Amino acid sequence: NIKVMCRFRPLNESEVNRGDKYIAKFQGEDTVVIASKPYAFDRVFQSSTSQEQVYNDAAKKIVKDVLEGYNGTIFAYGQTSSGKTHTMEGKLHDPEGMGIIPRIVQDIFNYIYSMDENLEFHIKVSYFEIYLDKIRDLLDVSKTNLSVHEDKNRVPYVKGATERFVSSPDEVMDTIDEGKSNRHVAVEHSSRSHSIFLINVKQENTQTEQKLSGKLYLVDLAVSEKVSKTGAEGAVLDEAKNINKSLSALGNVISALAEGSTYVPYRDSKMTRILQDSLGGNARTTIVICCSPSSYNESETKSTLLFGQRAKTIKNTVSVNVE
């Protein structure tokens, strides 16, 4: 129910014109070897794999489960130059170049418009980012330092988060763009905060009055970058420490859940408490890590593949010693 998938993008014009090199060798449908080290995941999409196949294998059943009242979460790790934007968003007005989010929204609205009036559907969306362990509402710039509470049951929720009713795919995309335009930015074109978007598909059969409320979280994870040449000058050293700790707490939670542990360390970070309701209960979670096959980004791809490995851990090693 918990899967880590790796998506490689095709090289760019500039990458081939400047003589970049292919460093990824694919074996099976789940192993990619770089330099000499192999990395095995639940699925390794090669560059020749279409966007529709990536969606069908990573997000389709999550959408179907949310449409049945269940919860699901999808993460995205990787720099913008590794193809994360192409994988998750892509060319919107291209039915073949569409990313995961447009296909999610299209499926949700098509399903809703397939049903009859006996079901009353209401789609609500939220959008907030976690920057330096501060929850900032992206649909309301006056709301910063939001708090996490527990309602009746010990189910964490972000108090006061903005919830908007959406009624068309274009409205959802407008909401996403508006939320992206309200991030921190600070001192480029990088990911220095976790962006959590919510699609709350609620429904009610009007005679039974039995309500279902599925939550689908689309998370844009902050990326651990290489050590910058300039150190204690601005906020980059604080972003580094926060990104490291939050990605580790997320790794411990995904690993614990994947191993069926009863001691899931939810309370170690904000994001794993906000997502505690959608990660437990055997809800499907997919972590898409996006990588570049070019040698100019060999360092980044090593970091991205390691993070995908630390989401479910390994177990190995063996040396001989004398006496």
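A residue's number is simply how far along the shown sequence it sits, counting from 1.
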item	value
Between neighbours residue 188 and residue 187, residues that the deposited sequence lists but the model omits	4 to 9
Mean Cα B-factor comparison, 228-236 or 138-146, giving the higher one as deposited	228-236
76-84 set against 129-137, stretch whose average Cα temperature factor tops the other in the entry	76-84
Peak C-alpha temperature factor (PDB record), options 220, 177, 209, 107	209
Among 59, 264, 33, 271 - the residue whose C-alpha B-factor is largest in the record	33
Cα B factor band for residue 255 (lowest, middle or highest third within the chain)	lowest
Ranked C-alpha temperature factor of residue 26 among modelled chain residues, by third	highest
Where the record places residue 205 (Cα B-factor, split into thirds across the chain)	highest
Modelled-residue ranking by C-alpha temperature factor, third containing residue 286	lowest
Among modelled residues of the same chain, the CA temperature factor third for residue 166	middle
